[PDB]
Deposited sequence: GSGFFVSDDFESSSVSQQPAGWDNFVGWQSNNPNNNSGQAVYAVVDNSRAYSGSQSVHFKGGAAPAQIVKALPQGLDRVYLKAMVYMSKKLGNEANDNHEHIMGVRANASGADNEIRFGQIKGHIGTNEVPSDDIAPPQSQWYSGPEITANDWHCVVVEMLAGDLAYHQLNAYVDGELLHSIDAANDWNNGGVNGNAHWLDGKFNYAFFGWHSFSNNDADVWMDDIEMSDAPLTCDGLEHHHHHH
């Protein structure tokens, strides 16, 4: 059923992209989301993958994200974006966690969500409110890199099944998967095998760091769907 795409060609430069809500500076639908602020998510022609327009996120400790509501009753979600980042993800000393993409239950907070990006310097996933992280600690501060300053196609597949799954592809290669309790470091989201329940109300993209890293991220050619996407 469900499909949405956005190449950002329809939006006006310097504005919040048409059709999207925001999570900017810790506020849902921050009235003050513009490029004159220090944190923002706006259409740019500064750079793009398709056409002349992409979205530009400037954020850090404070999140800069666009948000879209998802229809009720989804059994799976695929999120796909072309992504260009001022810093790399993965194989990174002294990272706590940082994320570019995810799904959340309630628009008003960042406290109940699945966050895809890196955890402990490996590509991976943080679930809140449990604050579990995957993969487990044997793998931290290593593994594959999403390089800075090049366009990457990122696909996250989330399937909700006896154990809910997540798979994250970059440039076609599978860099991260969750398929059992033991893929979480701290036991598996406090014992919940159906850990994506309640999570599929919103999809979000942009940048949020809990490692105090300020970043510019551009994204383009976003898709979400309840059927497989690929690059």
According to the entry, C-alpha coordinates are missing for deposited residues 1 to 2, 163 to 164, 236 to 245
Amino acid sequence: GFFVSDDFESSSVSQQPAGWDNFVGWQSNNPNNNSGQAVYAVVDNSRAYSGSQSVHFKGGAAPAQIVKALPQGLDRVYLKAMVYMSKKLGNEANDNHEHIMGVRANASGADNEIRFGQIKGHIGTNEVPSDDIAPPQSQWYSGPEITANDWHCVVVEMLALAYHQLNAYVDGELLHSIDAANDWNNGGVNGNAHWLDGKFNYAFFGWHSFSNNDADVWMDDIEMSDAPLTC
From here on, numbers count along this sequence of modelled residues.
For 119 to 127 versus 78 to 86, entry-based mean Cα B-factors point to 78 to 86
The stretch whose C-alpha atoms carry the larger average B-factor in the entry, 46 to 54 or 183 to 191, is 46 to 54
Based on the PDB entry, the highest CA temperature factor among the options 26, 169, 202, 40 is that of 26
The residue of 174, 67, 62, 178 with the maximal C-alpha B-factor according to the PDB record is 174
Of the three thirds of Cα B-factor ranks in this chain, residue 133 occupies the lowest
Quick tally, chain-level thirds of C-alpha B-factors: residue 15 sits in the highest
Residue 102: C-alpha B-factor third of its chain, per the entry, is the lowest
For residue 94, the third of its chain by CA B-factor is the middle
Chain thirds by Cα B factor, record data; residue 145 belongs to the highest
